[PDB]
Every structure is written in C-alpha cells, then in structure tokens.
Amino acid sequence: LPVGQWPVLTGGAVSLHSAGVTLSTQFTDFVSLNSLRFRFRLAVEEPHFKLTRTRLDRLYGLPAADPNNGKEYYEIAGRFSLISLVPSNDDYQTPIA
Amino acid sequence: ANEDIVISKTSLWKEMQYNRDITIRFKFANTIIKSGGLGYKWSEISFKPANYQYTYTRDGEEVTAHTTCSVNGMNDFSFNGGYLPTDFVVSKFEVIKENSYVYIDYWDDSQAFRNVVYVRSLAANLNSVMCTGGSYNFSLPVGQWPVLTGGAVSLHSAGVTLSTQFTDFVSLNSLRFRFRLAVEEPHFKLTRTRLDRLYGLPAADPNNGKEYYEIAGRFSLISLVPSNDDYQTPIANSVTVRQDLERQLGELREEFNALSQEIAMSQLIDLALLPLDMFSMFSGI
Amino acid sequence: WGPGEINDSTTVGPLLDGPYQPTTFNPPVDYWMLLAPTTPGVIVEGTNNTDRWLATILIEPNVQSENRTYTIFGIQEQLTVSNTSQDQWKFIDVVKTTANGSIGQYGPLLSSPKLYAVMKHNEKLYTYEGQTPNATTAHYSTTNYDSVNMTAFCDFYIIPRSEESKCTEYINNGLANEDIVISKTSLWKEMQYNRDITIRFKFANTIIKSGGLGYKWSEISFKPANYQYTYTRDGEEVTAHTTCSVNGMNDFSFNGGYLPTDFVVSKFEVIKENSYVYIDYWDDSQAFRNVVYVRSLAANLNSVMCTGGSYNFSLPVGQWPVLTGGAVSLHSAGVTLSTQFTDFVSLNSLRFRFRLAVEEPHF
Amino acid sequence: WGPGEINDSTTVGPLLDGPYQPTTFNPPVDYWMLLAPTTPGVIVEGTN
C-alpha cells in the first residue's frame, strides 16, 4: 500500500484427503511423462484467514496469498497399488515395460 | 454550487470506547542559536520540535511509539546590558509561563491507536509532572560565561486535539495532547544579567539531563469504528462439520433381525406378490 | 464551530526603552531620563545655550570638599566637589548663571544604587533632589526647557511621567488495557459534495511598542483576527465566521543608532515564501454541519493577490519612516479539520493552510 | 501517522551588526570595523 497501514492476508488452513487416482500425462520442456493423477478433496480447519485493516475477519479456507506459508514443499506419504497388463506370449519372458 | 452525488451504498459502523494505559516519554530540545556580532548576542533561544522513539510494555504486549514534543505560547524576554559589540544583547529568551501550553504528538503502532480515525470523544487521565530547568553557558569571546540556575514548571493535562490534513485523497493524522504550564519553585537566575529569581522554564535547559518525562495515564477514546459484526460472510463459513458416526454393523444387524417379530404373514405375502422395482423399493425410504 | 487556537510570537517591550550610551539626547515632555553610572565623574550636562548650563556630576561616598578642574561646556574651570553621606553617592547639580560669571553648585543627591532622574514640566526642570528613600523631585524655574540638549556620560533609561513611583524606587534601592462496546451497529454512508463557496478574510497585528519615546519598536507581529460576514451562495444567506493567523514568517531588525531618538527596530514579522496563513471558516449550512466525520476534502481556492501594508512608524518627534512594496499571492496548502475534545465539549476547528508566494514590487 | 506542524517564526535579522557606538574598545580577531562617518574630523584613534 503506498500510504497507510499495510493490509495482510494471514491465515487459512485446509486438509487434503485422498479421493481416488487416475492416469494422466504430465509434460516437460523435453519429454512427456505418463503420470498418475491423485485427486484430493479439501477440508477447512481451525486456522482462519483474515484481511487486516479491513472488515473481512473470521473467514475459512486457504487463500492463494501464500499457500506454501514459506514451506519448500508439502509432503503426502502413502502407498499405491496397480495391476498392469503386459503382452506376454510365453510362460516366461515377462516384459519389464 | 448546487451539486452532490452518491459514492457508495450504506455501511455498518458502531461506536466503541477504547481504554488504554499510555506511557509518555518526551525529552525537550533547545535551539540556543547565536546571532551575529562578537558572539555575545543570541538570535532566538527557543524550544525545538524534539522527536524520539520508544517501546513500552503496555497491556502485556510491546507497543512502539514515536514521540514529538514542542511548546507554544511562551513569553519571549530580552536583555540589554549595553548595545556595544563587547556588551551583551540577547534578542529573545523563550520562557515557559502560565501563557505557555505544551503540545505533544504521539504515534503508537497499537491497534486502537491506528483505529482512532473519525473519533467522537477523548478523555485523558494523565498525571501532572514537574519539569525543572537546568544550566548552560552562553558563549562569549571575552568574559566569564553567563549561566542559569534553578526554576521549575508543572504540566497539567488539558484538551486533546486531533487533526487530519487532507491531501488529494489521503488524511495525514496529527494528534496533539495539551498541557497547561504552571511555574513553580525554585526560580531562575541568569548570571551577569538583569533577571534575578525569574520563574519559568527557559529555552536553555528544560530537560536538565532527565532521561525522559515519564507520564503514565489512561486514555478513553470513543470513536466510530467500522465492523460488519459476524455477518457479511459466506452462509457456510465455518470449519468442516464432521459427519456423525453411523452405527456398529453388528448391532445394526441384530436390530434388523429383531424387527422380524413385527411381520404379518398375509400382508408380507401381498408385499411379495407386488413387484418391487427401482422406483417402488426406494420411493418411501 | 468557531474556535481558533493558533497564537504564538509573544513579545516583551523594553520597560524603559533599554540602556543608552553616552550622547546628546534629551528627555521629551512626560518622559523621565534616568541615569546609571559605572564610575564617578561627570554624569550629564543640560545646556540651553541661552540661560541654563546645568551639570549633574558624580561623587563617591565619604568625599570632602575638593577643588578640581573640569572640561565643562568646552571651558576648563575650577569647581568644588563635596559629600555628606558616608555610604550614598552624590549627584551634584552645577549651575552656571553666565559663561563669564562664576559657577555654583546645589542639588546634593544621596543614593546608594547610583540612579537618578530628570524631567521638564510646568515651567520648571524636575531634577530628583534629596536623600533616599525620601529623595524628592525638586524644581528649578527657567525658560526653554524642551530645547535643553542633554549630553551625558553614563548608561541611561527613559520612563513615563506616570511612573514617578518607579523612579523613586529605582533611586532609593536601584532596579487501562481493555475495550467495551457503546452502541450497536448503525447505518452510515460516505456522501460526496460539489459546491463552491466564497471566502473573504482580514488581518491583524500585535503592535507592541517599547516603553518611552517610541523610536524603539519592540515588536510588530500578526494578531489573531476574528470577523463575521454574510454570503449569498446559490440563494442561501450564510453567516460565515472567520478567524485568521499566520506562522513561519521571516523577520527583520534594524538600527539607525543605539540611542533614544535613533530609530531602533528590535523585531518585525513579514510574510514571505516560507510563510503560511491558517484560515478558519464557520458556517451553519448543512454541508458544514455534515463535515464532522469527513473522509476526503479538497479546496480549489484561486490565487489571492495581496498587497502589503503601508503605515508611518509612529514616533514622538522626527521624520516618519514608511513601508511600501512586496506583493504576495496565496495558494492552497491543504485543510486541517481538527477536533479538540475538552473535558466536556468538543471544539471543532477547521483550518485551511495557504502558502504565501512572494512577488514584486520590493518593500 | 506523521507529526503535524508547530507554530514558529524564523530568526529576526540576527546577523545584523548595528551602529556600534563610538568609544574606547579593543577590536578582537576577525572583526572588521566598518565605519559610518559624516563630517570632517577624526574617525578612529587606535592606541596601543
């Protein structure tokens, strides 16, 4: 703000829980990747987000101001299970791709 | 004239009085400016706008406050022990007296303080404090240095005056708390000059080397603050409501089996003959 | 609405027009000339060139009759100097009937603090005579009193006639942490206005003169000036109440001589580029009733071509100096809408600030 | 939230060395004694 007190968008938490998984295709500047898309449903939590020096107080959700909150990354650890079909014409020679 | 237009729709405001303990630390300053000549004369020995910054433990949380102090309404006396260049002619010694009021501007970074805009009323339960005058030597190319001795003055709280300078579309705030000055013992003597036992803090040394003039007092500020109450939010603004746990399936099955008592054979046969379909089965559920 | 609390530049007037060094300067009618020495010798010589050659002369305490030669009125002659007091200095008046004839002495004057006063009234010179604290104001009858040239050899002061008591005194002994809700939520609305209003104002001056002749101008600053007028703004008679002041102006001092009739000007204020004029208007109209909780404010006041004052410095005798020149324009410098909450009532003061730009001619 | 103005006035021609009256004194270092004479006669007599 050029003059006066600086408004601040502080707060706002959400929780991510798994809600299925499906195939997708990421891309890079040189190659395309056969990625897996994990879809997570959201759930707002106790930390509220306010807009100081205003009248928007006690709002819930995660705004887009600084969703990372200074963290380098958010981590979700778990397990996935897939059964892929491989074209094997013999009792052996199971292809590895 | 004959014109006026609407800017915005109506808004929700409320009146609220903020009561806060304020500590006041303001050190005076002296110009003490030497006029031309051999060095005996003085242009205008007067108080200057003295600025400082502090941090106080108010309400259990540190508050950072800028502090400007000045005085207006002082009496300006003159001295003439001879107009000769080797003699002592002082144009104006500024002295605080009953005609003098101290004006002090405060800038605290606290919440209510920032909220003090478009205010309704202010009450200041400040404490009167004694301010004494020190001594200083007036430079002279020849002769002993003249000095000050004694004196004191007392500050008494008076009306607070808040101002807002309007530039373009910005309001620059300017608070000014006022203190009436009442002179008190001891008295002021200037060496090698006429004044003997004069009263009133001079423009030479009102600080007296004091750390700061600590005045502790409460302040009640009734101002029209803006607020929407707990409204103007989304109709579903709250933490996610956890769905209630359903039931233990074992006991659910137990109760379902127990329901077999309330079954009539003939009516059950009729219901069995009726072909339940995707509609009939779930219509009344 | 109405109040104004900007008042600075206090002044003190020299009670006796300050000290004066040895020279030929006389006391005008209704003005005592007081004399304060440093060391003995000659004090004053009042010469009419016609019939009066008075001379007030110092003598130390405990001094007997001694014959000494003095260069009085350019001629060396022998005179007798004597004292009667043992602790009080003597101020003896030598009287010369004629230049050729002998010269006498009278007017023994016993006072410790070394202060003594002379005057001219009612066909008589009023010279302090006698012993302290009863030192009288004895009188000598002669002609052409106002023409007496008073050539003196000490420090001096000038007093009014009404302060004979002061002259006698001088001769006899010398000089918490919580918040609460007041009222529930209410309805408000920022409201715009497009209105033009005429503005007119006057000035005033603190003309503080020194005590005595008047050739010593202690100070001339600006006064807080209050006025009232009526204006027709779009068919609505408004009683505008006006209060003026000025701050941050540049000042001058002048000295044509450090002596009584010499034109001395200790301090004079003058509006200049650095100067700003604080101007308060009060109107009972709806706009100025609604201007309490104001969000924004902008004034488009046009320039004001201002010509400086021109009056003749009042002095008791002699040519009158005058001031002419130095025009000034005024430009908007913002508006301060201050509120002053005393213990019970709120004095709401609106002050437009006007920067003063300076322009020819030259003062 | 910045401080407001304070009523003040600048110095009143302080650096004006006026008509120092004629008598016996000792000129100090770095003070040129400009003169204002009017009629024929002696102006200054500096005696060591």
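Order of the sequence lines fixes the chain letters, A, B, ..., with proteins taken first and strands second; residue numbering starts at 1 for each chain.
With a 4.5 Å cut-off on non-hydrogen atoms, C/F268 touches chain D through its backbone but not through its side chain. With a 4.5 Å cut-off on non-hydrogen atoms, C/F252 touches chain D through its backbone but not through its side chain. Only the side chain of C/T23 comes within contact range of chain D, judged by heavy atoms closer than 4.5 Å.
Tested against C/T339 for a side chain to side chain contact (heavy atoms under 4.5 Å, CB included), the candidates C/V292, C/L347, C/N348 yield a single pass: C/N348.
Heavy-atom pairs under 4.5 Å with chain C peak, among D/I6, D/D8, D/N7, at D/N7. Most heavy-atom pairs under 4.5 Å with chain C: of the set D/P22, D/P19, D/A36, this distinction falls to D/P19.
A salt bridge does not link C/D251 with C/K267: none of the charged nitrogens is closer than 4.0 Å to a carboxylate oxygen.
Side-chain atoms of C/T71 never come within 3.5 Å of backbone atoms of C/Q76 as a donor-acceptor pair (strictly under, hydrogens ignored).
Atoms CG and OG1, on C/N26 and C/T261 in that order, are 8.5 Å from each other to the nearest 0.5 Å.
Looking only at side-chain heavy atoms (C-beta outward), C/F354 and C/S332 stay at 4.5 Å or farther from each other.
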